[PDB]
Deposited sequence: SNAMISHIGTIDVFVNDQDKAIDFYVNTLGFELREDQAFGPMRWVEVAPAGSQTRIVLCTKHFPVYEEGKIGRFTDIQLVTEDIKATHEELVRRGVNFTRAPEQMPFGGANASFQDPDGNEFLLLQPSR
């Protein structure tokens, strides 16, 4: 096909080192990229083994607009065991805005800058 897949989605953060620590060491993502391309730093994190990656962008990327840090991301993350994931992320200090519920099971949580993700255990 012409278009292979979604390669990346941007998430905007206040500081890339702090964000790397959260996404890798608190959420368990992998660090896919961290490369200095001049004045700026290209940083990608993704769930282990997954195809699409998150680019951790700052206020100095041209694609930034005010309001893009600390918003609902419209991203839904998948877990095979939302009970276990929710408990462990709670122990690690992650703020859930909505606990797992068997309706849409899904939950929602935020990173330290307030970026909000849906978390889903699929049928």
List the gaps, meaning deposited-sequence segments with no CA coordinates, ordered along the sequence. 1-2, 107-109, 129
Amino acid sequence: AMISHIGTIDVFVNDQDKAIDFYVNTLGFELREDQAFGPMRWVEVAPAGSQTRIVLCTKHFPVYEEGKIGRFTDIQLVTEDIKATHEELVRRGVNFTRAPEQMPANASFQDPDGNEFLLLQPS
From here on, numbers count along this sequence of modelled residues.
Quick check: 5-13 versus 95-103, which has the larger average CA B-factor in the record? 95-103
Out of 15-23 and 111-119, which stretch has the higher average CA B-factor listed in the record? 15-23
Highest recorded Cα temperature factor - choice among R41, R71, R32, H86: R41
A36: CA temperature factor from the record, placed by chain third, in the highest
In terms of the CA temperature factor given in the entry, to which third of its chain does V63 belong: lowest, middle or highest? highest
